[PDB]
């Protein structure tokens, strides 16, 4: 470990402000909202510089350089720095290259989380892993200034050298536009969404928490009665001892550890003993309480009564976003009790409203586009109820002969075909035999032979090329596609069929977000994006903007790309997220 030379600067000079630089604005805290910036590094043609943040960020020339978009910066995780700067009232502009997002497009499977891991991709090893410098556990700490300053300078030096080879490879992959015109501009939009946050009505939440605690308390006693003794209901082991050993309930399923107590199992067991539907009710209410009442309350900021999620833009293997702390992509919607949680998410100004627009069946629509199946494309061109139609074709019955159970099964087929669900997968979800499931699937392929062609083709393409691709050229490598293990190979085959479907739907909505943000600005609307939930966008805006958004938002989303079938977008607005339905 020899030293990399740099100026440990005590003040900002003009040569620190060239119009191209690798920049590091280092935020050590995992969650970067309102977090400290611990140090700054700049590398450019004139040399290598460490600046303390109290100096650099009080310097009006450095600040102006930060916000000048003609001063081009290369970074890693620009969103982290952008947001932590927004919290100090400082704008970051002119980020022309984000190494994190470059690594993520070249290979999402690398799990690139720091500069050093991106650097390894190009055999560059003169930089340490953040974990090696900072530590990990309760032991994660900012080191002393010489250790820190060298680490930041090494990171910036790595960014300066790696930009060339990352761009060369993106270019060869035809992903250069995906980075420059899609992921990098999206990064700025997510930063605004995160910084803006979502207002929470903590009273509504605390009241719901009271009612839940009362019910949960009733159901808790009833379970202790029905078992003739008290035990930890949240312990799957202890519960498994009450059900299958004290009460003698049949064992239909085992886990790898012991007895399964998963919902699926428990519904099957419901007829034999009363305590079963109480354990089910308890699980339901206990999830709402500990995760959605207690969990949400703990992360709202008492300064603003907002939650500020972080959208992970470089995590998922398909090009989706994810969301953390809080996860605002899994707020309950399916059952009414949980859905009421959404009444707690409110507009951030008085006389503003929540507006939600969602693609209708985007994944099936994309499948129809990519497979070019005549029947499926016709169904969408007719805007048919797609599950009813699938039931008609697979059971060869007419429309008003479709029973609700038949529609439910065609629906489970439509849900699974977008990832090439196997006969076993479908049998499981439908509670039927694998041979019956195989038949449904065989009937599906007779009605949608283009889907079948697609599934065979995409698997051959994954084998020959080594990867699959989405509409805007995102990639996923699938080395398991040739494995001699059947289970392993089967998974890779489902990933081959799913990834272009799911990833292309991620592409489209990401584009919609970019187009929407440009149109909102052109229109000078005060409306702004709050959330993305995979196929849905949630905004808040003045009440006076609602009629305009009813037209503009679906429009932008529908026209984001042009497929062989229309994209269809529904939209709703109201006083609270719950009411925007």
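Positions refer to the first chain, counted from 1.
Undergrad: Compare the other PDB entries of this protein and indicate whether residue 255 is left unmodelled in at least a third of them.
TA: Across the compared entries, residue 255 is left out in at least a third.
Undergrad: Going by the mean C-alpha B-factor recorded in the entry, which is higher: 196-204 or 333-341?
TA: Looking at the recorded C-alpha B-factors, 333-341 comes out higher on average.
Undergrad: Would you tell me which stretch averages the higher CA B-factor in the PDB entry, 413-421 or 308-316?
TA: In the deposited entry, the stretch with the higher C-alpha B-factor mean is 413-421.
Undergrad: Between 500, 450, 228, 185, which carries the biggest CA temperature factor in the record?
TA: In this record, 228 carries the highest C-alpha B-factor of the candidates.
Undergrad: Going by the entry, which of 169, 358, 439, 107 has the most elevated CA B factor?
TA: Across 169, 358, 439, 107, the entry lists the biggest C-alpha B-factor for 439.
Undergrad: Mind checking which third residue 33 falls in for C-alpha B-factor across the chain?
TA: Lowest third, going by the recorded CA B-factors of the chain.
Undergrad: Thinking about Cα B factors across the chain, which third does residue 486 belong to?
TA: For residue 486, whose C-alpha B-factor we compare with every modelled residue in the chain, the answer is the highest third.
Undergrad: Can you work out whether the C-alpha temperature factor of residue 70 puts it in the lowest, middle or highest third of the chain?
TA: Ranked within chain, residue 70 CA B lands in the middle tercile.
Undergrad: Using the temperature factors of the C-alpha atoms in this entry, rank residue 526 within its chain: lowest, middle or highest third.
TA: Within its chain, residue 526 is a middle-third residue by C-alpha B-factor, going by the deposited values.
Undergrad: Comparing against every modelled residue in the chain, figure out the third that the C-alpha B-factor of residue 543 lands in (lowest, middle or highest).
TA: Its C-alpha B-factor, which the entry lists for residue 543, ranks in the middle third among residues of this chain.
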